[PDB]
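K.L.:
Numbering (full-length UniProt numbering), first residue to last: 363 to 406, 411 to 528, 533 to 635. For each residue, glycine too, the CB sits at the ideal point set by N, CA and C. Structure below; questions to follow.
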Ligand SMILES: Cc1cn(-c2ccnc(Nc3cc(C)c(OCCN4CCCC4)c(C)c3)n2)cc1CN1CC(O)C1
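As structure tokens, then:
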């Protein structure tokens, strides 16, 4: 799972840019066929362990609706090589594809729920589940990306305990610093609202404490325009305040599954 640098060929263009460095499109030369890849390149304080951690999480993961890691490449700077989802972030796609029918959005978010169902079974917490971190291969095929804040849970516990996306975070994450798969279900609820709002930002114009204050009164984001009423119930079900009463992805996937096939039938 260590890749040869002379086989890789990177573009000059950047896809994304953070403190890590860059994300660039490229081509990894396989047996005969050449595979297209998205490569996360590094920019020097020992934040190289953070990248190794992300690679180590993706190494263990293996699922249709998760971004696959091809391997690591030590050359000039550290590089996390992944398979290429050509259409990009879900939020940005839906922003500039308003024609996308509501059936198609149910399909795309149900795919995310199945990836998180696997993530829950595999005992990993994502901790950054947003519409920006869902990448599209096709209009009808999504993958969950960005495992930089992801943690593998121990066999005895069922939460991790700790620059946060407060708008995607559950009450227990803000108050108690406790991250479980139920905390990701909360984030999936915000991700659903994002998708049915066509990539609109949640809690628009509000600060973290104002969002925290709003949610404590029992006030939740309203049903976005054209969103099916059964899908909006699932958002509010994902936004259960109590951690224990909130459903896991098994339940979230099962409702999205059943509802989806009453639309296509
Ligand atoms: C670690 C990582 C892997 N990737 C990946 C992983 C696999 N595939 C891709 N493909 C991809 C990724 C992006 C960010 C993307 O948008 C760049 C295209 N946008 C259009 C105009 C500005 C850039 C497109 C069209 C394709 N990215 C992205 C990231 C960074 N995450 C994505 C999240 O938004 C920040």
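From what residue to what residue does the beta strand (DSSP E) around residue 507 run?
P.N.:
Working through the chain shown from its first residue, we reach residue 507 at position 141. Note, residue 507: beta strand (DSSP E), 507–510.
K.L.:
In chain order, what are the residues with a CB under 6 angstroms from some non-hydrogen atom of ligand 1?
P.N.:
377, 378, 385, 400, 402, 433, 448, 450, 451, 454, 455, 498, 499, 501, 511, 512
K.L.:
Assign residue 532 to one of three DSSP states: helix, strand, or coil.
P.N.:
A break in the chain separates 528 from 533, and the residue in question, residue 532, sits inside that break with no coordinates.
K.L.:
Measure the C-alpha to C-alpha separation of residue 559 and residue 609 and round it to an integer number of angstroms.
P.N.:
Taking the chain shown and counting its residues from 1, one reaches residue 559 at position 189. Taking the chain shown and counting its residues from 1, one reaches residue 609 at position 239. For residue 559 and residue 609, the distance between alpha carbons rounds to 7 angstroms.
K.L.:
Would you kindly work out how many angstroms separate the C-alpha atoms of residue 381 and residue 592, rounded to a whole number?
P.N.:
Mapped onto the chain shown, residue 381 falls at position 19. Mapped onto the chain shown, residue 592 falls at position 222. Note on geometry: alpha-carbon atoms of residue 381 and residue 592 lie some 34 angstroms from one another.
K.L.:
Between the C-alpha atoms of residue 584 and residue 543, what's the straight-line distance to the nearest angstrom?
P.N.:
For the purposes of this step, residue 584 is taken as residue 214 along the chain shown, with counting starting at 1. For the purposes of this step, residue 543 is taken as residue 173 along the chain shown, with counting starting at 1. Taking the straight line joining both Cα atoms gives about 16 angstroms.
K.L.:
What does the Cβ neighbour count give for residue 615, buried or exposed, with the cut at 16 atoms within 10 Å?
P.N.:
Taking the first residue of the chain shown as 1, we reach residue 615 at position 245. Exposed, because fewer than 16 other Cβ atoms sit within 10 Å of the Cβ of residue 615.
K.L.:
Leaving out five residues on either side along the sequence, give the residues of the same chain with a beta carbon under 6 angstroms from the beta carbon of residue 455.
P.N.:
In the chain shown, residue 455 corresponds to position 89, counting from 1. Counting only Cβ-Cβ distances below 6 angstroms, and skipping sequence neighbours, we find 498.
K.L.:
Which one of 518, 440, 606, 453 has the shortest CA to CA distance from residue 424?
P.N.:
Here residue 424 refers to the residue found at position 58 of the chain shown. Nearest C-alpha to residue 424: 518.
K.L.:
Give me the DSSP bridge partner(s) of residue 390.
P.N.:
Position 28 of the chain shown, counting from 1, holds the residue named residue 390. Beta-bridge pairing links residue 390 to 370, 397.
K.L.:
So the candidates are 534, 464, 541; which of them puts its Cα closest to the Cα of residue 505?
P.N.:
Walking along the chain shown from the start, residue 505 turns up at place 139. Taking only the C-alpha atoms, the option nearest residue 505 is 464.
K.L.:
Please specify which runs of the alpha helix (DSSP H), each continuous and at least 4 residues long, are wholly inside the region 573–611, giving them in chain order.
P.N.:
578–586, 599–608
K.L.:
Compute the Euclidean distance between the alpha carbons of residue 399 and residue 390, then round it to the nearest angstrom.
P.N.:
Reading the chain shown from its first residue, position 37 is the one you call residue 399. Reading the chain shown from its first residue, position 28 is the one you call residue 390. Cα to Cα, residue 399 sits roughly 7 angstroms from residue 390.
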